[PDB]
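Asks: Please read through the structure below; I'll follow up with questions.
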Amino acid sequence: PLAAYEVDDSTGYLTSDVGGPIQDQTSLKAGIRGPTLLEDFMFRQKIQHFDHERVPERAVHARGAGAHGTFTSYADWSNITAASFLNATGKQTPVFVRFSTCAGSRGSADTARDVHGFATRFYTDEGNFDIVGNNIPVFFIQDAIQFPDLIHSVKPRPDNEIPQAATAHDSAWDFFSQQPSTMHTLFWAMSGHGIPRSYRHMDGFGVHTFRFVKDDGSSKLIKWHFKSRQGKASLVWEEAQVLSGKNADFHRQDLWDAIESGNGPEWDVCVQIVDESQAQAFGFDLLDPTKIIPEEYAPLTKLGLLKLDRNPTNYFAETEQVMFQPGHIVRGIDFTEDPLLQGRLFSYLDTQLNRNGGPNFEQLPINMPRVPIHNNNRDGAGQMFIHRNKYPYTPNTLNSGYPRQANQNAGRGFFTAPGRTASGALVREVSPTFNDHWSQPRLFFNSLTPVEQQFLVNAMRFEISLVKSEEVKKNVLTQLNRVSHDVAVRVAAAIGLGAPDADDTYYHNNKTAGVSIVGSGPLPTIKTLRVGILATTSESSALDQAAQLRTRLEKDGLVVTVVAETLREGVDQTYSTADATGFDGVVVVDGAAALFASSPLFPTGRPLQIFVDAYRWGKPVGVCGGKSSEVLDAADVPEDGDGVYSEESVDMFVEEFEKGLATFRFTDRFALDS
Amino acid sequence: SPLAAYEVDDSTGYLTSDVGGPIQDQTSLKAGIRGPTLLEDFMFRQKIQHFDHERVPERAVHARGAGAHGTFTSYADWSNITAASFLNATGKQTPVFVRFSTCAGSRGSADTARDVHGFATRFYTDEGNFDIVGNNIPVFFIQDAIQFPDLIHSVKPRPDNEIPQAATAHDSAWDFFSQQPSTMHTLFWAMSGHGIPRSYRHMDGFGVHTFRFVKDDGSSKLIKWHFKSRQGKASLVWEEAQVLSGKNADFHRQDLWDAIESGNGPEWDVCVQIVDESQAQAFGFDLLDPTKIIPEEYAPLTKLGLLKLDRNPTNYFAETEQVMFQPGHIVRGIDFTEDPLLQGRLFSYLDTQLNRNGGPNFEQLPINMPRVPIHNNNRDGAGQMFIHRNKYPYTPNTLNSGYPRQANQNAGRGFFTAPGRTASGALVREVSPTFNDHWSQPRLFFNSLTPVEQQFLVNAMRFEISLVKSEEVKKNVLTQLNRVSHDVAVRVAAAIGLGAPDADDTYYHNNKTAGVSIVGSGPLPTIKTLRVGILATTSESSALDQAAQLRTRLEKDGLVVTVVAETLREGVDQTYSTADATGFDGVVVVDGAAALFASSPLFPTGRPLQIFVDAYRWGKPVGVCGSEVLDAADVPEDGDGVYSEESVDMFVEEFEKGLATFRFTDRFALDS
Amino acid sequence: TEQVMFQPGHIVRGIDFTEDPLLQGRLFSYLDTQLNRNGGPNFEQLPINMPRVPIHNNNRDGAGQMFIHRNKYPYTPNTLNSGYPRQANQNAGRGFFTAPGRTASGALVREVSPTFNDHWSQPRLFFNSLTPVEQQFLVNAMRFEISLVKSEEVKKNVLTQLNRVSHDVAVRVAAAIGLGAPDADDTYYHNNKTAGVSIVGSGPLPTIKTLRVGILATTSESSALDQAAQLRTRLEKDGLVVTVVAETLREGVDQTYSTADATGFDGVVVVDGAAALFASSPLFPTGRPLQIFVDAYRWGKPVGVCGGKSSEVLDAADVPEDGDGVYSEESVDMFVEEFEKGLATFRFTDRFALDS
Ligand code: HEM
Ligand code: HEM
Ligand SMILES: [Ca+2]
Ligand SMILES: [Ca+2]
Ligand SMILES: [Ca+2]
């Protein structure tokens, strides 16, 4: 894919960057115990490179991971868009996708509670087209000019730089409560969408309304929705926290492993399509990025399949250096007057100068298009091209008038949708059509299941309880109360304040499909899900049981880890390094029961803690072999429990257990406010 | 002070651009109320351009870190051993800035990663800035600076997928260690409690290299810097460090910030070991070799002065992120040695600052400025903040009357290279054979730890090496560990189901040395700032009363008290939902709360009990104030560091003893 | 000087932009380009770029950040910093505001307004407003530059465009380059003139202070040095910058003939004690003293001989004694009074050939 740029070092002698064979292990010194010499160019070339390895992290979405893939169109979409990549059934275009958290620095944990990025580049035969989206369909703010306010508030306090990758501090909730537009995204982030099970188990959204533009000039309004084929799934908060410490790399490792095992994740790339006349028809403004179109109003149209199936060769060169822009647009697509989108168009082109340190960032391999470039851009630091045209100006006769101007009528040029207009005063004023900040947050809340609603309440209780300012806490209750009195009461109970009186201006009872995680039913596939088998080296029959279970589980593409006191043939991991956050279900072989009812080889009570944690976090758990009561009694897990299994037959154990893995979470183990 | 002049106050006033024009910054300028944004909106672009360019490259190593201001005070006139001005008078005060850090992780990684730690001190002296750029471990992994990128690439994440963050627990790191045996000494330190210190305040600082002290008369002696903590030595246990990394990635920087805010700024005695030049090879190793310590039994510590950190930064980015240390920031009275690791460092720091700052004028940032006049002919460069009056910036000149004047051993208090230093021999890329013993001092170190400490170290190695996928690498690791201690190799081999190689006694010995053991260093000299979690309940007026009684007592003794209950209210600090045992150094359950330890929508199932049990398993002082609680938690009433008293005052007294002991190590199983 | 970074975006309350598409795009360029020059986003902190009033905003960090900001809540809206900094606009805080009568209406277009389409009438207005000799200089600059263009097609295309401004210009230029001018095309021709664009027509200079007078003298005659000293005193009294030139330096001589050139002076005076130099030396190139005088005359400057004896110098130079801007007096006083009128006139344009 980027084969032309690969460098192989599987053989050969060390050389400088200019091909001179050298060594790099000992400095040149004036005598054997002498000082190092300035003339040692071997030393200086190697250390200079090392000294300059780092580049600025992205201003947001610093922490993330990418993979290569293919997009395949399901149809000829010419009848709605001139976009070349969508112009034929089965047409394939290479892609690169990067997923990320949003607030944390490089090296912060994947399983922070946060908005997540989902950025996709299509290397089309008419230019690179990027859709730079999030896993949440609405954004916090209604005007790009407010982005630094939002980001400053969410990022660590700037005196001490605390806390990392978290909204759980005063400044964030101060902003949220003073800028009520934030409520909708806030509710999404406080739901299980803020803590996805993996990048493969979340959807991607363009957020903004864009336009599809036909060759004839007619346009329609669209929203992009990348719908996961793996299904939707979340962690529970108290698992996400432990996982942040046990495996900061959880999401990037999950993605990397799925691709390597031939389970590359897939999404249906979809749009909602509506007429230009419907911009204000749905009870809100399609220019407002804090609003969704309910699927009951406009159904999803599937355009094609996105599949990620190839990991990068060098993370820095590919994932770190990929530079996405919403301004990377192609003929057939256009912008709308969404004031958040409008300002983004400026930001991405500008910020890449910061990251790259020079203007030629489009020439980096990962950023290059797959079709020829013909323009009069020249020079600049890091210029890799050697341009033959010595008359790089338009209009010219001395290069026969090339390159020629491309537009609607010639050379397949980009063109602005010709029906677009502007009218009015030049103003710094918010449209009153943007003013309802609360009805959609309530629509979202109403659409979650009872346990889902409790989890959202509990996320808010956790975070707001860490806000020191009594005034900020009260202000937060004021805003929450406008979305839902019941939310405000339940949150207030945790923080020892009174909720204010119900204000029903924005309350309503409407619901919408497709936003609940709990309500989206069992997972459509269990391939890649992780089963930890707790066993012991003290009983050769426990290992026999573990081996039989492994064979039967791996047959169905589950990723199996056998855990014992020490490593040996057939054991993957020791108890010392094992944790419940490492598994989607946990099985104990009854031969190992004694470990459950002290060792220098693992912390006290570790084998039982793995089982108890997994149970408490809602995972399918069980004992295989017939003798289950010693384990279940020690764990205080009821044998009759939903998602608790006990069979002597390995085949029968696995059949039941696999149903539990697809259910994924057993939500009856979590208490509800009365 | 350069920082006072550049402080910007925004507590009043209307918003302005960077050029002082009053503006707004909340709505974009548009062609009509639902129209597109205008290119002519300079308010928008100036604000967004700034935001777009806020980030700068992180440090190549020590990216995760935090800083504080303070003072250094000399104990004596040290002219008898050094010309250094900041050391030339009893009571002489010099401002300092210190930055502490982990070493391998990127700038958002957890404080409580297992790692070497940075301890970099700048003394803004009256003869120039002097930096001691040290670590919390006295020896380094490698013997030549040219190997640094090899070490660092191996320990940092694998470069195809950038996994794992802030961890040596992967194949490449152990491959490097097992192929480059000089690493063993530092590896042993990193695998001990020194890899997971309880806080920046509870670790020491070392200059690592041998340096020189140079007197005005030109004579020199060899020195090692040792900053000795007045807070005592303390570590986490590994399982606790893991949970902490998720619950509070900011634990160490918060611990430091808080200690300073409460008037408990941390202190170190700044010390040196001082030996004669003739002793460079007298101790059974080469003092140019940065993998060796001088045992304290061979050269005792001399206390030069007090280092105290007592003011937090105003802006983290401007001060902590932008501070740029250099071992080349040296002052008259100090010199380098021919340590090949030190030698190459001198080049690296000056060069790397170009990457971070993006221009050559990084010494003009307020945090990097000196507190004395600058007179030189350095000019221009991006970001030039001075307006130089001298229009003849060359030497020799007559047109500026020969100024600036040359400074040297005999003019203007100039820096001078120790005049006794020589070099002789071939120009070679060869390692001195005096550097070849990579295994005796790792053994010395291991011998000097207590039995439970040695077990913790074996268990750290068992943890990490079990995660290495390559059988070849694991075998090579056992080969090197075996040269240090056959017992260590046997015990770690046990966990990974390989057989250890046969004993090879070449480097074995039974020697020990003082001052390297954490557990063996006795109870903490102070318990001020240590954290007590009181587990209570809102359902009992008596429980809240009991909590409050304890609070007034413990707080008067300097302890930081957190009362935990189901919900916040008067006198309750944290909810059970946000509480964790990693948040405390000791845990107390009040009697009236006994019921919680037997379901609630206000916290996860079993949370109250879990905090108590985690605290006990991690060795902390735990207690009940007011038997069933100790029963539910399976905690022995007669256990060392388990407290049970009806008497408030009696409990606080016993418990405060427990906080000093800090860890009750009898709770951890040992190989036998 | 090198670090000053100007921007038309540096605007203040009371001024606003217009929809000139050239101006509109400049607003982007200057902010962006300073990143290239400065290498970092904090270029407004360079001393030459700093304002002379307080700065209150939430811009933060960036390479080279010189400020230490005390406000730890740099976001709007906030309560934790009491809502400061406050928003400034037309009604509060003397904020910048866009002229409120400004509007836009129409399609979003990449099209040129047809009102921009006349490219030729104003060039012709400008040309008409210059004096005859001025028009000759302009034709001569065009003849000079276009003659160096190698492509015959480009030269042809240039005459096509010039011909639309003025058939006469195209003809006169065409003559120098051996091509024929296109036939007259009078769409944009006219006879209108405008005030204030002509240099030659702007009358004599309002001041001669700082103008440069080179006095050519000799060390071979003590009398020449004396004349040069007296002239110097009389000229310096009026704020003129005087350079005395001779073969070698000594007290009262500023420059050698070797370094001197007519381009260094606004007027040139030979002292008659130095007349023999104007008829070889290892101390300057052959013919240098005379060449300074002749160049000065050819380039239209006031030139003269002071002392009373002028024919030897003037004849050697081929300069007519009665030409305008040519002076000859014995009296230093009378000489300077006449010469100073010539310095205000500045250029004697009757010395330049015109096309017929
Ligand atoms: C709809 C709301 C938004 C979404 C879904 C969004 C999405 C993203 C994503 C996914 C990335 C990381 C791309 C990658 O993986 O490299 C990103 C980076 C960035 N975003 Fe946006 N963003 C939004 C709003 C904004 C706004 C309003 C601004 C500023 C006006 C902005 C400025 C940036 C900057 C400076 C970066 C770093 C870009 C780079 O270094 O390449 N974002 N955003
Ligand atoms: C004795 C062994 C060493 C110790 C104790 C040491 C200590 C440190 C410390 C404490 C910092 C961070 C200072 C801060 O807080 O900003 C640092 C940064 C750095 N070190 Fe060293 N180091 C050692 C060896 C080396 C070697 C051999 C090289 C390369 C030849 C090196 C290159 C760097 C670089 C490039 C940085 C980032 C510096 C900056 O960005 O300002 N280190 N090291
Ligand atoms: Ca805060
Ligand atoms: Ca740069
Ligand atoms: Ca590796």
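Listed in order, the protein sequences are those of chains B, D and A. Letter by letter, the first sequence follows residues 22 to 618, 622 to 698 of the entry's author numbering. Letter by letter, the second sequence follows residues 21 to 618, 622 to 649, 653 to 698 of the entry's author numbering. Letter by letter, the third sequence follows residues 340 to 618, 622 to 698 of the entry's author numbering. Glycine is no exception: its CB is placed at the ideal position from the N, C-alpha and C atoms.
1) Taking only heavy atoms of ligand 3 into account, decide whether any of them is closer than 7 Å to the Cβ of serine 192 of chain B.
2) Check the C-beta distance from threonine 334 of chain B over to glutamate 27 of chain B and give it rounded, since I have them as a contact under 8 Å.
3) Would the stretch 344 to 351 of chain B and the stretch 474 to 492 of chain B be scored as touching if the rule is three or more Cβ pairs under 8 Å?
4) For the 8 Å Cβ check, are there 3 or more pairs between the stretch 402 to 421 of chain B and the stretch 108 to 121 of chain D?
5) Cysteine 291 of chain D and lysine 241 of chain D: beta carbons closer than 8 Å?
6) With a floor of 3 residues, list each beta strand (DSSP E) that falls wholly inside the stretch 652 to 692 of chain A, ordered by position along the chain.
7) Please name the residues in the stretch 336 to 351 of chain B whose beta-carbon is closer than 7 Å to at least one beta-carbon of chain D, in chain order.
8) Quick one: which residues of the stretch 395 to 409 of chain A get their C-beta closer than 7 Å to a C-beta of chain D? List them in chain order.
9) Measure how close the beta-carbons of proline 315 of chain D and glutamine 500 of chain D come, nearest whole angstrom, since I'm counting them as under 8 Å.
10) Of the residues that make up the stretch 38 to 66 of chain D, which ones have a beta carbon closer than 8 Å to any beta carbon in chain A?
11) Just to confirm, is the Cβ distance from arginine 503 of chain D to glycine 434 of chain D under 8 Å?
12) Shorter than 7 Å, the distance from the beta carbon of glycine 401 of chain B to the closest heavy atom of ligand 4, or not?
13) I'd like to know if the stretch 77 to 93 of chain B and the stretch 74 to 83 of chain D are in contact, where contact means that at least 3 CB-CB pairs between them fall below 8 Å.
14) Do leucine 574 of chain A and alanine 686 of chain A have their C-beta atoms within less than 8 Å of each other?
15) Using 8 Å as the limit for Cβ to Cβ distance, is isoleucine 68 of chain D near chain B?
16) Ends of the beta strand (DSSP E) at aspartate 289 of chain B?
17) Could you check what DSSP says for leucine 374 of chain B in three-state terms: helix, strand or coil?
18) Could you check whether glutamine 251 of chain B and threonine 546 of chain B sit closer than 8 Å to each other, using their CB atoms as the reference points?
19) Decide if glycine 591 of chain D is buried, meaning its Cβ has at least 16 other Cβ atoms within 10 Å, or exposed.
20) Verify whether the separation of the beta carbon atoms of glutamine 429 of chain B and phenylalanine 436 of chain B is less than 8 Å.
21) Which first and last residues belong to the beta strand (DSSP E) in which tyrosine 639 of chain A is found?
22) Is the Cβ-Cβ distance between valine 263 of chain D and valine 263 of chain B less than 8 Å?
23) Can you tell me the Cβ-Cβ gap for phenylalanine 196 of chain B and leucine 207 of chain B, rounded? I've got them flagged as a contact below 8 Å.
24) Measuring alpha carbon to alpha carbon, tell me which residue in D:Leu59, D:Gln44, D:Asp45 and D:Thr47 is nearest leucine 370 of chain A.
25) For the pair the stretch 527 to 539 of chain D and the stretch 472 to 490 of chain D, tell me if three or more CB-CB distances fall below 8 Å.
26) Would you kindly report the start and end of the unbroken beta strand (DSSP E) that includes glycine 646 of chain B?
27) Listed by chain order, which residues have C-beta atoms less than 6 Å from any heavy atom of ligand 4?
28) Considering only the alpha carbon of each residue, which of B:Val608, B:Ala520, B:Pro310 and B:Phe694 lies closest to residue 5 of chain B?
29) Going by C-alpha distance, which of D:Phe160, D:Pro115, D:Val645 and D:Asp660 is nearest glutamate 671 of chain D?
30) Closest Cβ-Cβ distance between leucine 544 of chain B and chain A: below 8 Å?
31) Please determine, among B:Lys651, B:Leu329, B:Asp525 and B:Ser444, the residue with the shortest C-alpha to C-alpha distance to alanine 86 of chain B.
32) So what's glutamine 594 of chain D in DSSP terms, helix, strand or just coil?
33) Contact criterion: CB-CB distance below 8 Å. Does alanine 431 of chain A meet it with respect to chain B?
34) Please go through the same chain and pick out, in chain order, the residues whose beta-carbon is closer than 8 Å to the beta-carbon of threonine 587 of chain D, but skip the five residues on each side of it.
35) Please report the Cβ distance between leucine 374 of chain A and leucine 374 of chain B, rounded to the nearest whole angstrom; I am assuming they are in contact, meaning their Cβ atoms lie under 8 Å.
Replies: Result, derived from the coordinates:
1) yes
2) 6 Å
3) no
4) no
5) no
6) 668 to 671
7) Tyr336 and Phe337
8) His395, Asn396, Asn398, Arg399, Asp400, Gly401, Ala402, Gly403, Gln404, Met405, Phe406, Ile407, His408 and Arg409
9) In fact, because the Cβ distance is near 23 Å, the residues do not count as touching under 8 Å.
10) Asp38, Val39, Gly40, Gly41, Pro42, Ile43, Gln44, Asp45, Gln46, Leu49, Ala51, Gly52, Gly55, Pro56, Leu59, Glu60, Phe62, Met63, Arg65 and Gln66
11) no
12) no
13) yes
14) no
15) yes
16) 287 to 295
17) helix
18) yes
19) exposed
20) yes
21) Taken as a continuous stretch (DSSP letters only), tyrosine 639 of chain A belongs to no beta strand (DSSP E), being part of the alpha helix (DSSP H) at 630 to 640.
22) yes
23) At roughly 10 Å, the Cβ-Cβ gap does not stay under 8 Å, so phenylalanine 196 of chain B and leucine 207 of chain B are not in contact.
24) D:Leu59
25) yes
26) 645 to 648
27) B:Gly378, D:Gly378 and A:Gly378
28) As displayed, chain B neither begins before 22 nor continues past 698, which places residue 5 of chain B out of reach and without an answer.
29) D:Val645
30) no
31) B:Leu329
32) strand
33) no
34) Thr558, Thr595 and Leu625
35) 6 Å
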